[PDB]
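# Descriptive structure summary
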Amino acid sequence: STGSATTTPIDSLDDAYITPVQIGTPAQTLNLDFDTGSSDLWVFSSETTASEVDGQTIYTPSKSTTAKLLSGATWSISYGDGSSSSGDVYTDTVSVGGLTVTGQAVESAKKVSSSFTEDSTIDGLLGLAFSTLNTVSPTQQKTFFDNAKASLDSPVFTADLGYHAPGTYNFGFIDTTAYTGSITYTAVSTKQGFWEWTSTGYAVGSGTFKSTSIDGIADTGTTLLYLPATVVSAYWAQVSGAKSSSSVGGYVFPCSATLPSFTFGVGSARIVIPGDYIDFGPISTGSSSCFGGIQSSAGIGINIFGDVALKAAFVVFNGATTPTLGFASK
Ligand SMILES: C#CCN(C)Cc1nc([C@]2(O)CN[C@@H](c3nc(-c4ccccc4N)no3)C2)cs1
């Protein structure tokens with residue numbers, strides 16, 4: 001089997017991308033944030049504390065003839081930015097772009113933190129990291145991809161995120177028309193439950209390539225590119241007036257600047273992030289200070305190749321027995 005679904009930025013900054021997902025019978029379509037950095041499929045629901053719902057579409061398991069309570073199962077998750085959600089668990093039929101999994105764990109939120117309440121366009125998350133990170137207790141649950149994997153034509157999914165534009169998640173096949181050149185595959189460590197790999201280095205703008213190993217994760221659920229403070233400083237040093245602001249929470253730069261590109265290495269290949277992809281616009285409406293799309297990972301503990309990086313590439317998440325990641329230019 002295969003599936004293919006369009007993913008759409010939630011706003012003009014590409015802060016996150018949402019993909020329609022059919023849950024239950026008859027289908028209840030929710031727009032979920034596909035997150036290769038986590039492993040829970042959770043949704044706003046009829047059980048979510050009413051004061052914490054602000055315009056999201058909710059899943060109502062009582063209206064699904066295929067929903068079953070996963071008796072005694074609870075979940076609770078906290079994300080890298082401090083946001084969180086928790087609740088109980090149903091199993092139900094979940095379909096993405098024509099690909100159907102029966103008995104998928106659908107984690108129904110009883111509580112969500114403020115950032116989720118404020119994102120009226122995100123109805124939940126669909127985790128695509130390794131199932132070892134799934135938070136359901138006492139019986140850990142598999143991701144949608146893990147459940148679908150054996151049925152797929154090939155045990156892969158691909159992320160083709162757009163720049164200020166829709167993109168595509170495909171399951172079970174590689175769309176050879178969606179990228180230029182060849183896909184360079186690179187080894188993955190699953191030891192932390194992530195799509196964790198080692199970039200071979202970087203370049204800033206037209207500069208030469210700096211060969212250096214950068215261990216990080218391919219995370220569609222993170223907006224920005226988080227890299228070691230050394231690399232990030234070398235990038236922003238090329239932008240007149242750019243500096244790290246403690247009050248703002250990262251590097252800012254004059255909105256009057258044109259940004260240099262940033263290249264990252266995948267083996268001997270190179271992915272070039274255009275400078276415009278690193279511009280996240282005014283820190284507040286009307287400000288002439290703009291927020292940078294490349295930020296330091298120093299306080300995070302791990303480097304994160306988030307959407308800023310991934311949207312410059314066609315990315316293959318190869319879930320074969322030995323997982324790998326593929327990157328192609330596009
Ligand atoms: C600090 C530290 C150490 N370590 C935990 C960092 C990591 N964090 C992650 C993520 O939790 C999983 N991929 C990212 C994500 N973020 C959101 C999100 C979407 C909407 C609103 C709020 C959100 N947080 N959805 O997915 C964050 C992976 S590694």
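As recorded in the entry header, the structure was determined using X-ray crystallography to a resolution of 1.17 Å.

The name given to the chain in the PDB entry is Endothiapepsin, and the organism recorded there is Cryphonectria parasitica. This entry carries the title "Endothiapepsin in complex with ligand (3R,5R)-5-(3-(2-aminophenyl)-1,2,4-oxadiazol-5-yl)-3-(2-((methyl(prop-2-yn-1-yl)amino)methyl)thiazol-4-yl)pyrrolidin-3-ol (CBWS-SE-146.2)". Database annotation for the chain, UniProt heading Sequence similarities: "Belongs to the peptidase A1 family."

Turning next to the overall build of the chain. Along its length, the chain carries 4 helices and 24 strands. If one aligns the C-alpha atoms of the chain with their principal axes, the spans along those axes are about 60 × 45 × 30 Å. The long-range fraction of contacts in the chain, counting pairs at least 24 apart against all pairs at least 6 apart in sequence, stands at 66%.

This part takes up the site of the ligand. As a structural note, the neighbourhood of the ligand is formed by 16 residues, with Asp35, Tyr79, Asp81, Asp219 and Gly221 the closest of them. Within the backbone of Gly80, a nitrogen or oxygen atom sits 3.1 Å from an oxygen atom of the ligand. A distance of 2.6 Å separates a nitrogen atom of the ligand from a polar atom in the side chain of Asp219. Bound to the protein, the ligand loses 79% of the 630 Å² it would expose on its own. Taking a 2 Å distance to the grid points as the criterion, the majority of the atoms of the ligand fall inside the largest pocket. Each residue belonging to the shell around the ligand can be placed in one class, and the counts come to 6 nonpolar, 5 polar and 5 charged. Taken domain by domain, the shell around the ligand gets at least three of its residues from each of domain 1 (5-174) and domain 2 (175-330).

Quick look at the state of the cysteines now. Here, disulfide denotes a covalent bond that connects the sulfur atoms of two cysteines. Here the structure, examined in full by the defined rule, presents 1 disulfide. The partner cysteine of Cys255 in its disulfide is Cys290, sulfur to sulfur 2.1 Å. Its S-S torsion of about 110° marks the bond between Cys255 and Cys290 as right-handed, since a negative value means left-handed. Of this pair, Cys255 sits in the loop between β16 (250-254) and β17 (262-266) while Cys290 is found in strand β20 (residues 289-292), placing the two residues 35 residues apart along the sequence.

Here we take up the packing of aromatic side chains. For the structure shown, the criterion picks out 25 aromatic pairs. Relative to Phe262, the ring of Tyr235 lies with its centre 6.0 Å away and its plane at 70°, an arrangement referred to as edge-to-face. Separated by 27 residues along the polypeptide, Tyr235 in helix α3 (residues 229-236) and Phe262 in strand β17 bring together distant segments of the chain. Judged by its relative accessible area of 0%, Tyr235 falls in the buried class. Here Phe262 falls in the buried class, since its relative accessible area comes to 1%.

What follows is about the environment of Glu52. Topologically, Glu52 is positioned in the loop between β4 (41-43) and β5 (68-78). Separated by 59 residues in the primary sequence, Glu52 and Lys111 have C-alpha atoms spaced 7.2 Å apart. Those residues in contact with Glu52 that sit more than four places away from it in its chain are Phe44, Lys110, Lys111, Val112 and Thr117. There is a polar contact of 2.9 Å between the side chain of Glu52 and the backbone nitrogen of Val112.

Moving on to the domain arrangement of the chain. Under the domain assignment used here, the chain contains domain 1 (5-174) and domain 2 (175-330). Its C-alpha centre places domain 1 at a distance of 25 Å from the equivalent point of domain 2. On the side of domain 2, 32 residues touch domain 1, which itself brings 30 residues to the contact. Within the residue set of the side of domain 1 that touches domain 2, elements represented by two or more residues are β3 (28-35), β9 (156-160) and β10 (167-171). In the side of domain 1 that touches domain 2, the residues fall into 18 nonpolar, 6 polar and 6 charged.

Attention shifts here to the pairing of β9. Across the 5 residues that make up β9, a large majority, 5, are buried. Side-chain alternation along β9 places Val156, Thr158 and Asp160 on one buried face and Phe157 and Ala159 on a second face that is also buried. The pairing of β9 with strand β23 (residues 314-318) spans 4 bridges and is classified as antiparallel. Paired with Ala159 across the bridge in β23 is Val315.

What follows is about the sheet that holds strand β18 (residues 269-273). Sheet architecture is open: 7 strands sit in the order β18-β17-β12-β13-β22-β14-β21, paired in mixed fashion. The sheet is open, and its two edges are formed by β18 and β21 (294-296), each paired on a single side. Between one strand axis and the next, the sheet turns through 45° on average, direction left out of account. Across 6 bridges, strand β12 (residues 196-204) lies against strand β13 (residues 210-218) in antiparallel orientation. Counterpart to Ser199 in the pairing with β13 is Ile214. Of the strands in this sheet, β12, β13, β14 (225-227), β17 and β21 touch α3, which is tilted by about 140° from β21.

Reading the values: rules and limits
Residues numbered from 1 in each chain as written, not as in the entry; some residues may be left out. Heavy atoms only, no water. Residues with missing side-chain atoms left out of burial classes, pairs and counts. UniProt positions renumbered as here; feature names shortened; annotations may be inferred. Helix = DSSP H or I, 4+ residues; strand = E, 2+ residues; numbered from the N terminus. Contact = heavy atoms within 4.5 Å. Near = heavy atom within 4 Å. Polar contact = N/O pair within 3.5 Å; in protein donor to acceptor, adjacent residues only side chain to side chain. Areas by Shrake-Rupley, 256 points an atom, 1.4 Å probe, with all protein chains shown as cover. 1 Å grid on protein atoms, 1.4 Å probe; cavity = no way out; pocket = protein on both sides within 12 Å on 5 of 7 lines; lining within 4 Å. Sits in = over half its atoms within 2 Å of the grid points. Nonpolar A, V, L, I, M, F, W, Y, C, P; charged D, E, K, R; others polar. Domains from an automatic or database assignment. Disulfide = S-S within 2.5 Å. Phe/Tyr/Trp six-rings, centres within 6.5 Å; stacked < 30°, edge-to-face > 60°. Buried < 20%, exposed > 50% of the residue type's maximum accessible area, 1.4 Å probe, protein only. Pairing = 2+ DSSP bridges. Axes fitted to C-alpha atoms, helices over the stretch in contact; angles between N-to-C directions.

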